[PDB]
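Chemist: Structure for the following, please:
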Amino acid sequence: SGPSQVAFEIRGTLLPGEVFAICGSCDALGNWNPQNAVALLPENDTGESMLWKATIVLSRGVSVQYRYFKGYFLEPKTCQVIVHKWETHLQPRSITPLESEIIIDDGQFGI
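Modeler: Residues are numbered from 1 along each chain as shown. You can find the structure just below:
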């Protein structure tokens, strides 16, 4: 099974110093531990105002559950990931990647 490159996208507002992050049920997504979550980056290639994206390599045919959160990625006091808010009243998101390249546009944060 030759790996699947998945672009996960979500839109929303953020506080100063805050970013969007993806966390989930496999290594690449940090095994539900926000400390090992993946921070998204702003996506400007479509001319949107509030779009964020993360490109993640996942194993083909393996089901993965995930959620977005908004939080802070800080430097050590002596790393620190602080979740402000996990996505709103909705079931954890899921994907079973089958293609080599996939774009998952999850719309608006919390929806």
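Chemist: quick one: furthest residue from the center of this protein?
Modeler: Most distant from the centre of the chain: residue 78, at 27.5 Å, with distances by Cα atoms, centre = their mean.
Chemist: SS state for it?
Modeler: Following DSSP: H, G, I helix; E, B strand; the rest coil, we place residue 78 in the coil state.
Chemist: quick one: the strands in this protein?
Modeler: Secondary structure of the chain (DSSP state E): strands at 4-11, 19-24, 38-39, 41-42, 51-58, 64-74, 80-86, 93-95, 101-108.
Chemist: Which stretch among the ones you listed is buried most, on average?
Modeler: strand 19-24 (a mean of 23; mean count of other Cβ atoms under 10 Å). Heads up, the C-betas are built off the backbone N, CA and C, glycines and all.
Chemist: Strand partners (parallel or antiparallel) of that one?
Modeler: Taking DSSP bridges as the criterion, strand 19-24 sits next to strand 38-39 (antiparallel), strand 64-74 (antiparallel) in its sheet.
Chemist: would CSV of those with distance to residue 104 be doable?
Modeler: What follows is the strands paired with strand 19-24, written out as CSV (distance: least, Cβ to Cβ, whole Å):
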stretch, distance to residue 104
strand 38-39, 13
strand 64-74, 9
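Chemist: Any idea which of those strands gets closest to residue 30?
Modeler: Residue 30 lies closest to strand 38-39 among the strands paired with strand 19-24, at 7.0 Å (Cβ to Cβ).
Chemist: From the rest of the structure, what touches that closest one?
Modeler: 19, 20, 21, 22, 23, 28, 29, 30, 54, 56, 73 (Cβ atoms under 8 Å, 6 or more residues apart in numbering).
Chemist: wait, doesn't residue 104 sit right on residue 5?
Modeler: No. Contact between residue 104 and residue 5 fails when scored by Cβ atoms under 8 Å: they sit 11.3 Å apart.
Chemist: Name the residues contacting each of those two.
Modeler: Contacts common to residue 104 and residue 5, judged by Cβ under 8 Å, 6+ apart, are absent.
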